[PDB]
Each structure stands twice: as structure tokens, then as C-alpha cells.
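Working notes for the structure below.
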Amino acid sequence: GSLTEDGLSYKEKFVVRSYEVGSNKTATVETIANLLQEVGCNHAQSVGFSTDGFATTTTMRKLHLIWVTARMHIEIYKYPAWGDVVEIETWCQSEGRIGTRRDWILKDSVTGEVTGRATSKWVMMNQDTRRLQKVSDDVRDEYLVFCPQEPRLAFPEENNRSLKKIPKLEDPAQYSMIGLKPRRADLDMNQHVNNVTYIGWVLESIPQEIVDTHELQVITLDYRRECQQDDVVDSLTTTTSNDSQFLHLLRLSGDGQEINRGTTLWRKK
Amino acid sequence: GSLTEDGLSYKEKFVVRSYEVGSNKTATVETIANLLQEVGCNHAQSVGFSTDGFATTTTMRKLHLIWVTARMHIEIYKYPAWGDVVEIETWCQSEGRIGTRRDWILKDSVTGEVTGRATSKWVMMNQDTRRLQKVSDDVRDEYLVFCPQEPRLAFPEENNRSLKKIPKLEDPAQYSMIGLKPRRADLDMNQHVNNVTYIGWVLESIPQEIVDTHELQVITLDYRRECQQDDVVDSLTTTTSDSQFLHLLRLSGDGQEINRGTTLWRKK
Ligand SMILES: O=C(Nc1ccccc1)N1CCCC1
Ligand SMILES: O=C(Nc1ccccc1)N1CCCC1
Ligand SMILES: O=C(Nc1ccccc1)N1CCCC1
Ligand SMILES: O=C(Nc1ccccc1)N1CCCC1
């Protein structure tokens with residue numbers, strides 16, 4: 001991979017692997033989410049930021065400040081087949097004191113057509129107390145020289161799905177997947193559960209028949225709290241709807257403390 | 001990747017990804033196992049065999065015959081760091097009517113030094129009845145033209161770790177990790193649990209302190225039975241000693257054995 005000519009975005013090609021594909025011989029949405037995370041990490045390394053998933057400055061490290069995902073929105077049109085080359089372009093934009101946004105465009109390397117797009121909202125937090133804080137100007141200036149100044153949004157639309165409010169699933173849930181625990185493969189280098197694992201746990205409560213007759217088009221996920229290595233998770237889904245829509249809730253098996261919420265949109269094959 | 005000049009082996013380079021590394025910024029043993037599976041799949045595609053993990057022929061497909069792993073043995077000397085290029089070379093060899101062996105050599109692309117090696121024993125089976133069958137001559141001949149004729153073993157040593165008999169762990173187990181279930185990410189394109197997942201389940205019963213003070217050097221795993229999508233697994237470990245462990249994977253309910261193995265770890 002490499003930063004583009006103007007240095008305000010980063011591009012990378014990936015060949016789809018055998019173990020990365022699902023029952024349709026095409027890459028899974030978790031493989032896509034992993035690839036976005038990989039190109040994001042490579043963009044941060046290419047300009048001097050941390051490579052631990054937090055993309056911090058030396059000023060942030062002294063203060064114990066990190067960047068954490070608040071929302072992740074993905075919309076796939078065509079999942080790449082096993083052996084296909086997929087080119088992903090990524091960039092960041094500051095959204096004031098609220099936080100920053102990382103966007104992605106996925107294209108077919110052969111045809112050049114856009115096969116998917118993603119957007120994620122990030123917020124600054126003290127890694128020890130988990131307390132949020134609005135971005136300081138001294139930190140803001142360190143990122144501005146690496147982001148486009150004019151707005152560049154992967155989801156420009158006036159009323160787009162990436163910014164819609166998500167409600168809390170009401171009990172009883174129509175479907176459920178109980179007792180989900182992370183293993184060592186689900187942890188990152190800092191021993192935290194990888195953001196992608198939560199996407200897999202959300203999709204576990206989708207019935208197999210839906211998976212076999214439909215394809216995932218859109219997924220919007222709000223992150224509220226971390227699941228520790230020694231925590232157990234309950235995944236809850238309810239149909240809200242050709243197209244099929246679901247409301248999702250991830251909560252801790254014990255007390256029922258919310259860790260995630262979202263919506264998925266599927267379409268008939 | 002590509003088959004080598006003589007066409008009797010296949011080589012491929014891989015750059016270590018951010019999500020593929022562990023707590024010490026180097027690729028996990030499951031990332032290595034995934035890479036071996038990827039280069040093996042690419043070797044099968046490059047010469048016309050199936051690409052579903054069974055490396056099957058048109059004669060086998062008509063008969064509903066597949067190749068399944070019986071044993072997997074991996075020895076790593078240096079785990080590649082995040083961003084390193086690792087070159088893996090792989091080849092197959094027939095071991096008579098017992099089965100076929102796939103071997104691997106892992107090297108550092110920069111220095112050329114061998115950083116790891118692996119060997120796996122495969123056996124032929126009817127995919128529907130799970131009954132094993134001795135490989136016929138008509139099937140043997142289809143593979144011979146793609147394997148070296150002289151022996152080429154990643155583990156040549158007489159009396160080596162890859163061919164040692166593994167005993168069954170006695171109850172009670174010193175350590176355990178119970179209620180392990182596979183998710184959709186653990187399934188392959190045929191909806192079977194991926195072979196690598198079993199390696200992760202085996203290592204789940206290793207205490208965190210051992211993981212934090214030691215590095216995995218050797219792992220030998222015998223495959224006995226499949227864990228279905230709707231099955232629950234119990235992982236059992238006991239210290240037999242460097243640190244050595246005896247492992248057992250069994251179904252949470254009846255206690256039916258699905259896997260057994262040994263791991264060897266070294267102080268960092
Ligand atoms: O990766 C970045 N920032 C960034 C900005 C420009 C160039 C390279 C990296 N972030 C992820 C968390 C929010 C900030
Ligand atoms: O805890 C999180 N985010 C998060 C990110 C990754 C995994 C788990 C949780 N947040 C609280 C304030 C909004 C974001
Ligand atoms: O992959 C192979 N065989 C093979 C042999 C030569 C070239 C390409 C593939 N196998 C795995 C199970 C035993 C057979
Ligand atoms: O069922 C298997 N092997 C296997 C392979 C992969 C996953 C699970 C099981 N075997 C029957 C006796 C020889 C090996």
C-alpha cells in the first residue's frame with residue numbers, strides 16, 4: 001500500500017484468501033471489516049501515528065488518551081470472490097470537538113467499480129478511566145495536516161443510513177444466541193476484544209435460513225462498552241420489516257449491561 | 001505465489017497483518033496454520049485439484065471421497081513480526097495406501113533463514129459415511145506426477161517429534177476451558193469447522209501465565225472426529241514436564257473425543 005499523490009488518503013490492494021470466504025465462495029463481512037482495519041492501521045503507520053489500533057500522537061500517549069470506535073457503518077454491493085483483488089482507499093476527517101471520522105471505498109481492482117463503502121465515528125477517551133473528552137486544539141492540529149480540508153464523505157446523501165438513530169431492542173427478543181465468549185484469537189496485541197468480533201457476535205443471532213437465502217447489504221453498529229476477556233455475551237435479534245431488516249442488541253449474560261446495538265439490512269439472492 | 005521451476009513444490013510470500021499478531025507483536029500460531037492452509041489451497045488450484053480444502057480429483061468427486069487431516073505438527077523458531085514478509089514452500093508426498101503427507105518450510109524473506117516447519121498426515125474418507133478407505137492405484141497415479149519421487153521430508157530426523165504416539169489425558173485435568181462453541185467465522189465455505197479452530201480450542205486451556213512467560217515452540221495434534229456447527233467442546237490440559245502439556249478436546253455432553261495433542265513451550 002501507499003498514500004496517494006496528494007498524501008491526504010491511503011490505498012491498498014488485497015487478494016481474497018481461502019479461509020476468508022463464506023458459504024457463497026465470497027469474502028465474509030468480518031473479512032471486509034478486518035481489511036478496513038488493516039488499511040487504517042497502514043495509513044496511521046505511513047505518517048507516524050501509533051499502530052495499536054488507537055492511532056495516537058506522542059501528546060496523547062503522555063496523557064493516556066486513545067481513540068475508540070463509537071459507530072461503524074458498512075454497505076457492501078458485491079462481496080469479492082475467492083482469489084479476487086480488492087482495492088480499498090481510506091482517509092480521515094475531523095468533525096470538531098466531537099471526534100474524527102475514518103471513511104473507506106472498496107473497489108474491484110479489475111473493473112474499477114465501487115463494490116462497497118464504510119464510515120466509522122471515533123471519540124477520544126482516557127484509556128484508564130474510560131472517561132470521554134472533547135478534542136483539544138493542540139491535538140486537533142496534529143491530525144489536520146493529514147486529512148482533506150474540503151469535506152470528503154463516503155456517504156454524502158442528504159438522508160443516509162450511516163447517521164440514523166438506533167433504538168434499544170425490547171424484551172422478548174425474537175431470536176437469540178446465548179453464552180458467547182471470546183477466545184485468544186479474538187484479542188488484539190493489547191489483549192482487548194477486536195472490534196470485528198462484535199460484528200460476528202451481532203450476526204450470530206440471525207437465523208441460518210436468513211443467511212442461506214439472503215445477503216447482508218448494510219450493517220450499522222453502535223459501540224457503548226467493552227466486553228472484557230473474561231465476560232460472557234448474549235446476542236439478541238428481532239425482525240423489524242424482498243428486503244429484511246433486523247434490530248440487534250449485545251448485552252452481558254449476567255446483569256444485562258448493554259455493550260452494543262445495531263441494525264442489518266439483507267436482500268434476496 | 002507459483003509452483004517452483006521443477007513443478008514439484010509451490011512457493012508463496014505473505015506480509016504479516018495487524019489483526020494477525022498476538023500480545024508480543026508477532027503472528028499467532030493460528031495465523032501460521034491459516035497461512036499453511038492458504039498456500040496448500042493455492043498449490044492444489046495451480047495443478048487442477050479441488051479448492052474446498054479436500055484437494056480432490058474428478059474420480060474422488062464421483063465416488064464422494066475426500067482427504068481429511070489425521071495429524072498436524074508445527075515447529076516455530078521465530079514468529080514473524082507485524083509487517084514482515086514470510087515465504088512458505090509446500091509440497092505433497094504419497095505414503096502408500098495409508099495416506100498422503102503435506103509438508104511446509106517457513107523462511108524469512110529478508111534473511112532467507114528457516115523460521116519454522118510443518119507436516120500433516122491426510123487420510124482418504126467417504127464424506128457421507130465418514131468410513132476410511134485404502135487409496136486405490138487409479139487415484140494414486142493422479143497425484144504422483146505432482147509430488148517428488150525421492151523422499152523430501154520437512155522433518156527428516158530419525159525418531160522425531162512429528163511421529164510420536166500421543167496418550168489420552170486422564171481425569172481430572174489440571175486445567176480446563178469448557179463450553180467452547182464455534183461461530184460462523186469458524187466455519188469454512190462447506191460449513192464445516194475449520195481445522196485451525198481446533199488449534200485455538202486446544203490452546204484455550206493453557207493458563208494465561210504460561211502464555212505471558214513462554215512462547216509456543218512445538219504443537220502436535222491428532223484429529224479423531226469433527227465438531228458439528230451445533231456442538232459444544234471442553235478443552236483439557238495437564239502439565240507433563242521447557243514446559244510440556246498433554247491436551248484433550250472432547251464434546252461437552254457425552255465426553256466423546258474429537259482431538260488430542262501435546263505442546264512444548266520455551267521461556268522468553
Ligand atoms: O487513523 C486515524 N487518523 C489518521 C489521520 C490521518 C492520517 C492517518 C491517520 N484515526 C483513527 C482513529 C481516529 C483517528
Ligand atoms: O466503549 C466504547 N467503544 C468501544 C470500542 C470498541 C470496543 C468496545 C467499545 N465507547 C464508549 C463511548 C463511545 C465509544
Ligand atoms: O494438496 C494435496 N495434494 C496436492 C498434491 C500436489 C499438488 C497439489 C496438491 N493434498 C492435500 C490432502 C492430501 C493431498
Ligand atoms: O475426522 C477426522 N479428521 C478431522 C479433520 C478435521 C476436523 C475434524 C476431524 N478423522 C477421522 C479419523 C482420521 C481423521
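Labels for the C-alpha cells follow display order: chains A, B, ..., residues from 1 in each chain, ligands from 1.
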### Contacts of ligand 1, 10 Å or closer, only C-alpha atoms and all ligand atoms, given as a ChimeraX atom specification
/A:3,7-10,37,39-51,53-57,66-69,90-94,99-103,120-124,142-148
- Long-range neighbours of region 139-151 of chain B as a PyMOL selection string, 9 Å cut-off, only C-alpha atoms, 4 positions minimum in chain: chain B and resi 7-9+47+57+59-60+91-94+96-97+135
So that I have them on file, write out the residues from the current selection with C-alpha atoms, as a PDB file, in the first residue's frame.
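Result went into part-v8.pdb, see below:
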```pdb
ATOM      1  CA  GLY B   7       6.840 -28.028 -10.615  1.00  0.00           C
ATOM      2  CA  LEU B   8       7.119 -30.464  -7.677  1.00  0.00           C
ATOM      3  CA  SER B   9       6.526 -27.783  -4.944  1.00  0.00           C
ATOM      4  CA  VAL B  47      -2.491 -28.001 -10.861  1.00  0.00           C
ATOM      5  CA  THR B  57      -9.790 -35.399  -8.064  1.00  0.00           C
ATOM      6  CA  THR B  59     -12.583 -39.634  -9.734  1.00  0.00           C
ATOM      7  CA  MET B  60     -12.938 -38.876  -5.975  1.00  0.00           C
ATOM      8  CA  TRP B  91       4.781 -30.000  -1.335  1.00  0.00           C
ATOM      9  CA  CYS B  92       2.982 -33.379  -1.108  1.00  0.00           C
ATOM     10  CA  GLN B  93       4.257 -36.951  -0.931  1.00  0.00           C
ATOM     11  CA  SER B  94       2.383 -40.293  -1.050  1.00  0.00           C
ATOM     12  CA  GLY B  96       1.401 -45.760   0.240  1.00  0.00           C
ATOM     13  CA  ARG B  97      -2.164 -46.871   0.916  1.00  0.00           C
ATOM     14  CA  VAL B 135      -6.197 -45.354  -1.526  1.00  0.00           C
TER      15      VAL B 135
END
```
Residues within 12 Å of ligand 4, counting only C-alpha atoms and all ligand atoms, as an NGL selection string | :B and (53-54 or 66-72 or 98-99 or 120-133 or 186-188 or 191-199 or 221-229 or 249-250 or 257-260)
Fill in: Within 12 Å of ligand 2 (only C-alpha atoms and all ligand atoms), residues as a PyMOL selection string
chain A and resi 53-54+66-72+98-99+120-134+186-188+191-199+221-229+250-251+258-261
Writer output for current selection, N, CA and C atoms, as a compact mmCIF listing (two decimals), in the first residue's frame:
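Saved result, out-v4.txt, follows:
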```
# COMPACT_ATOMS: atom_id res chain seq x y z
N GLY A 53 -4.07 0.25 17.03
CA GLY A 53 -5.50 0.39 16.84
C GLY A 53 -6.04 1.68 17.41
N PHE A 54 -5.21 2.45 18.14
CA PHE A 54 -5.64 3.72 18.73
C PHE A 54 -5.20 4.96 17.95
N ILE A 66 -6.68 7.81 24.12
CA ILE A 66 -6.80 6.91 22.97
C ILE A 66 -8.02 7.31 22.10
N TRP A 67 -8.12 6.75 20.90
CA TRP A 67 -9.28 6.94 20.04
C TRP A 67 -10.07 5.64 20.07
N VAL A 68 -11.38 5.68 20.35
CA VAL A 68 -12.19 4.46 20.35
C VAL A 68 -13.40 4.58 19.40
N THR A 69 -13.82 3.46 18.78
CA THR A 69 -14.95 3.47 17.85
C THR A 69 -16.24 3.70 18.62
N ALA A 70 -17.09 4.58 18.10
CA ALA A 70 -18.41 4.87 18.63
C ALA A 70 -19.46 4.25 17.66
N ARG A 71 -19.22 4.35 16.35
CA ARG A 71 -20.11 3.77 15.36
C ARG A 71 -19.32 3.24 14.18
N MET A 72 -19.80 2.15 13.59
CA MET A 72 -19.23 1.56 12.40
C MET A 72 -20.40 1.27 11.44
N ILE A 98 -16.26 16.84 18.75
CA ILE A 98 -16.99 15.59 18.92
C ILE A 98 -16.02 14.40 18.73
N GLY A 99 -15.29 14.41 17.63
CA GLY A 99 -14.35 13.34 17.30
C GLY A 99 -13.95 13.36 15.84
N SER A 120 -16.80 5.26 9.88
CA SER A 120 -16.73 4.97 11.30
C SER A 120 -16.51 6.26 12.07
N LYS A 121 -17.25 6.45 13.19
CA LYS A 121 -17.10 7.62 14.05
C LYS A 121 -16.23 7.22 15.24
N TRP A 122 -15.21 8.02 15.54
CA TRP A 122 -14.28 7.75 16.63
C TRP A 122 -14.34 8.87 17.66
N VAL A 123 -14.17 8.53 18.94
CA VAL A 123 -14.20 9.52 20.03
C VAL A 123 -12.93 9.39 20.90
N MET A 124 -12.42 10.50 21.45
CA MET A 124 -11.23 10.45 22.30
C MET A 124 -11.61 10.08 23.73
N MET A 125 -10.79 9.24 24.40
CA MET A 125 -11.11 8.73 25.74
C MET A 125 -9.84 8.47 26.57
N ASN A 126 -9.93 8.58 27.91
CA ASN A 126 -8.78 8.26 28.76
C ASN A 126 -8.82 6.74 28.85
N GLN A 127 -7.75 6.05 28.43
CA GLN A 127 -7.74 4.58 28.43
C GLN A 127 -7.90 3.92 29.80
N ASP A 128 -7.61 4.64 30.89
CA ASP A 128 -7.69 4.06 32.24
C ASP A 128 -9.05 4.25 32.89
N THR A 129 -9.59 5.47 32.84
CA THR A 129 -10.89 5.77 33.44
C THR A 129 -12.07 5.63 32.50
N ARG A 130 -11.83 5.41 31.19
CA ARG A 130 -12.86 5.32 30.15
C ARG A 130 -13.70 6.60 30.02
N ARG A 131 -13.23 7.72 30.58
CA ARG A 131 -13.95 8.98 30.53
C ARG A 131 -13.67 9.70 29.23
N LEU A 132 -14.73 10.14 28.58
CA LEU A 132 -14.62 10.84 27.31
C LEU A 132 -14.22 12.28 27.48
N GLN A 133 -13.57 12.84 26.48
CA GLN A 133 -13.22 14.25 26.48
C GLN A 133 -13.18 14.78 25.08
N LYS A 134 -13.65 16.01 24.91
CA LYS A 134 -13.65 16.66 23.61
C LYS A 134 -12.21 16.99 23.21
N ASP A 186 -9.65 -13.84 19.29
CA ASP A 186 -10.49 -12.64 19.28
C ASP A 186 -9.83 -11.42 19.93
N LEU A 187 -8.68 -11.59 20.58
CA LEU A 187 -8.00 -10.47 21.22
C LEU A 187 -6.98 -9.86 20.28
N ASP A 188 -6.71 -8.57 20.46
CA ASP A 188 -5.68 -7.89 19.67
C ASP A 188 -4.32 -7.93 20.42
N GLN A 191 -4.54 -7.12 24.13
CA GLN A 191 -5.40 -8.07 24.83
C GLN A 191 -6.86 -7.60 24.99
N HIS A 192 -7.29 -6.62 24.18
CA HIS A 192 -8.67 -6.15 24.15
C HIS A 192 -9.41 -6.97 23.06
N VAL A 193 -10.74 -7.16 23.20
CA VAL A 193 -11.51 -7.89 22.19
C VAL A 193 -11.56 -7.00 20.93
N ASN A 194 -11.17 -7.56 19.76
CA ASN A 194 -11.14 -6.87 18.48
C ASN A 194 -12.54 -6.38 18.09
N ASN A 195 -12.64 -5.17 17.51
CA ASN A 195 -13.92 -4.58 17.11
C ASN A 195 -14.74 -5.45 16.18
N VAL A 196 -14.06 -6.25 15.35
CA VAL A 196 -14.67 -7.13 14.38
C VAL A 196 -15.44 -8.26 15.05
N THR A 197 -14.92 -8.79 16.17
CA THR A 197 -15.56 -9.88 16.92
C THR A 197 -17.01 -9.55 17.28
N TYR A 198 -17.27 -8.28 17.63
CA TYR A 198 -18.61 -7.79 17.99
C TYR A 198 -19.56 -7.89 16.80
N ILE A 199 -19.05 -7.67 15.58
CA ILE A 199 -19.84 -7.80 14.35
C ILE A 199 -20.26 -9.27 14.19
N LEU A 221 -23.48 -0.31 13.48
CA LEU A 221 -23.22 -0.77 14.84
C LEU A 221 -22.73 0.32 15.78
N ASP A 222 -23.45 0.56 16.87
CA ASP A 222 -23.05 1.50 17.91
C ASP A 222 -22.30 0.75 19.01
N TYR A 223 -21.14 1.25 19.41
CA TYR A 223 -20.29 0.69 20.45
C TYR A 223 -20.50 1.50 21.72
N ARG A 224 -20.86 0.83 22.81
CA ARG A 224 -21.18 1.50 24.06
C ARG A 224 -20.21 1.14 25.17
N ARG A 225 -19.75 -0.11 25.20
CA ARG A 225 -18.90 -0.60 26.27
C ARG A 225 -18.09 -1.79 25.79
N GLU A 226 -16.93 -2.00 26.39
CA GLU A 226 -16.07 -3.12 26.06
C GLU A 226 -16.52 -4.39 26.73
N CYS A 227 -16.29 -5.52 26.08
CA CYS A 227 -16.50 -6.83 26.68
C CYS A 227 -15.09 -7.28 27.09
N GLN A 228 -14.88 -7.52 28.38
CA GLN A 228 -13.57 -7.96 28.87
C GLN A 228 -13.31 -9.41 28.45
N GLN A 229 -12.04 -9.84 28.47
CA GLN A 229 -11.62 -11.19 28.09
C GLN A 229 -12.42 -12.28 28.82
N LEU A 250 -26.45 -6.45 21.84
CA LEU A 250 -25.45 -7.27 22.52
C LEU A 250 -25.45 -6.80 23.97
N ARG A 251 -25.57 -7.72 24.91
CA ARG A 251 -25.56 -7.39 26.33
C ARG A 251 -24.81 -8.47 27.09
N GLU A 258 -25.69 -3.33 28.56
CA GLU A 258 -25.52 -3.14 27.11
C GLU A 258 -24.08 -2.86 26.70
N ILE A 259 -23.62 -3.57 25.68
CA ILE A 259 -22.29 -3.33 25.13
C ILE A 259 -22.40 -2.86 23.66
N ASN A 260 -23.45 -3.30 22.93
CA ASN A 260 -23.64 -2.91 21.54
C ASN A 260 -25.11 -2.93 21.13
N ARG A 261 -25.44 -2.18 20.07
CA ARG A 261 -26.75 -2.15 19.45
C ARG A 261 -26.60 -1.84 17.93
```
Expressed in Å, the length from CA of residue 30 (chain B) to CA of residue 241 (chain B) is 24.1 Å
Using the chain letters and numbers from this document, which residues of region 6-176 of chain A does DSSP assign to strand (DSSP E), as a PyMOL selection string?
chain A and resi 10-15+65-76+85-94+100-108+114-126+175-176
Contacts of chain A with chain B up to 9 Å, shortest pair per row, only C-alpha atoms, as a tab-separated table:
```
residue	atom	partner	partner_atom	distance
A:17	CA	B:38	CA	6.6
A:18	CA	B:38	CA	6.0
A:19	CA	B:188	CA	6.4
A:20	CA	B:188	CA	8.2
A:21	CA	B:189	CA	6.2
A:22	CA	B:189	CA	4.8
A:23	CA	B:189	CA	4.2
A:24	CA	B:189	CA	6.9
A:25	CA	B:189	CA	6.2
A:26	CA	B:189	CA	8.7
A:28	CA	B:185	CA	8.1
A:30	CA	B:185	CA	7.7
A:31	CA	B:185	CA	9.0
A:34	CA	B:19	CA	7.2
A:37	CA	B:19	CA	7.9
A:38	CA	B:18	CA	6.0
A:41	CA	B:18	CA	7.1
A:42	CA	B:18	CA	8.6
A:51	CA	B:18	CA	8.1
A:52	CA	B:18	CA	8.2
A:53	CA	B:18	CA	8.6
A:179	CA	B:179	CA	8.4
A:180	CA	B:181	CA	8.0
A:181	CA	B:180	CA	8.0
A:183	CA	B:204	CA	6.9
A:184	CA	B:204	CA	7.2
A:185	CA	B:200	CA	7.1
A:187	CA	B:22	CA	7.8
A:188	CA	B:22	CA	6.3
A:189	CA	B:23	CA	4.2
A:190	CA	B:23	CA	6.1
A:191	CA	B:23	CA	6.5
A:194	CA	B:19	CA	8.1
A:200	CA	B:185	CA	7.1
A:201	CA	B:183	CA	8.0
A:203	CA	B:184	CA	8.5
A:204	CA	B:183	CA	6.9
```
Selection export as a short mmCIF file (atom, residue, chain, number, x, y, z; two decimals), in the first residue's frame, atoms kept: C-alpha atoms:
```cif
data_model
loop_
_atom_site.label_atom_id
_atom_site.label_comp_id
_atom_site.auth_asym_id
_atom_site.auth_seq_id
_atom_site.Cartn_x
_atom_site.Cartn_y
_atom_site.Cartn_z
CA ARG A 17 -7.85 -15.88 0.81
CA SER A 18 -9.45 -19.38 1.01
CA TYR A 19 -10.19 -19.21 4.75
CA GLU A 20 -11.67 -15.66 4.37
CA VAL A 21 -14.75 -16.75 2.31
CA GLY A 22 -18.22 -17.90 3.39
CA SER A 23 -20.78 -20.41 2.04
CA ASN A 24 -21.15 -18.31 -1.16
CA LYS A 25 -17.37 -18.50 -2.07
CA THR A 26 -17.14 -14.73 -1.36
CA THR A 28 -17.38 -12.56 4.76
CA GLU A 30 -15.88 -9.84 9.06
CA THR A 31 -13.11 -10.35 6.45
CA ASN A 34 -10.64 -6.84 9.09
CA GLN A 37 -8.85 -2.16 10.00
CA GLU A 38 -5.66 -3.32 8.22
CA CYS A 41 -3.51 0.76 10.56
CA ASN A 42 -1.22 1.06 7.49
CA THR A 51 -0.09 1.16 15.27
CA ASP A 52 -2.01 -0.40 18.19
CA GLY A 53 -5.50 0.39 16.84
CA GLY A 179 -23.21 -17.70 26.19
CA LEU A 180 -20.82 -16.17 23.60
CA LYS A 181 -17.26 -15.81 24.98
CA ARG A 183 -11.06 -16.77 22.74
CA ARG A 184 -7.37 -15.68 22.34
CA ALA A 185 -7.84 -15.36 18.55
CA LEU A 187 -8.00 -10.47 21.22
CA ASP A 188 -5.68 -7.89 19.67
CA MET A 189 -1.98 -7.15 20.58
CA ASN A 190 -3.20 -5.09 23.62
CA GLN A 191 -5.40 -8.07 24.83
CA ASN A 194 -11.14 -6.87 18.48
CA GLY A 200 -19.65 -11.61 14.39
CA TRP A 201 -21.47 -11.83 17.73
CA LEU A 203 -24.71 -11.74 13.31
CA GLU A 204 -24.85 -14.98 15.43
#
```
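Running DSSP on the backbone gives alpha helix (DSSP H) for these residues within region 129-243 of chain B: residues 137, 138, 139, 140, 141, 142, 143, 144, 195, 196, 197, 198, 199, 200, 201, 202, 203, 208, 209, 210, 211, 212 and 213 of chain B.
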With C-alpha atoms retained, write the just-selected residues as an mmCIF file, in the first residue's frame.
```cif
data_model
loop_
_atom_site.group_PDB
_atom_site.id
_atom_site.type_symbol
_atom_site.label_atom_id
_atom_site.label_comp_id
_atom_site.auth_asym_id
_atom_site.auth_seq_id
_atom_site.Cartn_x
_atom_site.Cartn_y
_atom_site.Cartn_z
ATOM 1 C CA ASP B 137 -3.897 -47.244 -7.645
ATOM 2 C CA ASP B 138 -6.078 -45.248 -10.113
ATOM 3 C CA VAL B 139 -6.258 -42.398 -7.527
ATOM 4 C CA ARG B 140 -2.549 -42.748 -6.502
ATOM 5 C CA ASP B 141 -1.388 -42.194 -10.132
ATOM 6 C CA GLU B 142 -3.295 -38.916 -10.464
ATOM 7 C CA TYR B 143 -1.149 -37.354 -7.678
ATOM 8 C CA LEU B 144 2.270 -38.945 -8.355
ATOM 9 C CA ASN B 195 -9.026 -27.204 11.243
ATOM 10 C CA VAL B 196 -7.345 -24.135 12.697
ATOM 11 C CA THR B 197 -10.242 -23.503 15.155
ATOM 12 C CA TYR B 198 -9.335 -26.793 16.925
ATOM 13 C CA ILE B 199 -5.774 -25.473 17.477
ATOM 14 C CA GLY B 200 -7.274 -22.389 19.162
ATOM 15 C CA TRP B 201 -9.601 -24.510 21.314
ATOM 16 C CA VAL B 202 -6.634 -26.711 22.372
ATOM 17 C CA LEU B 203 -4.626 -23.620 23.450
ATOM 18 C CA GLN B 208 -2.576 -17.091 30.777
ATOM 19 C CA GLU B 209 0.603 -17.002 32.925
ATOM 20 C CA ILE B 210 2.177 -19.698 30.716
ATOM 21 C CA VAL B 211 1.225 -17.682 27.606
ATOM 22 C CA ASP B 212 2.732 -14.460 29.067
ATOM 23 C CA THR B 213 6.061 -16.027 30.222
#
```
Of B:15, B:36, B:163, B:85, the one sitting nearest ligand 3 when using only C-alpha atoms and all ligand atoms is B:36
Discussion item. Quick one: residues within 10 Å of residue 172 (chain A), only C-alpha atoms, excluding same-chain residues fewer than 3 positions away - as a count of residues only?
Written reply: 6
Practice task
Calculate how many Å separate CA of residue 104 (chain A) from CA of residue 141 (chain A), rounding to one decimal.
Solution key: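 Calculated distance between CA of residue 104 (chain A) and CA of residue 141 (chain A) is 22.5 Å.
A straight line drawn from CA of residue 238 (chain B) to CA of residue 169 (chain B) is 7.4 Å long.
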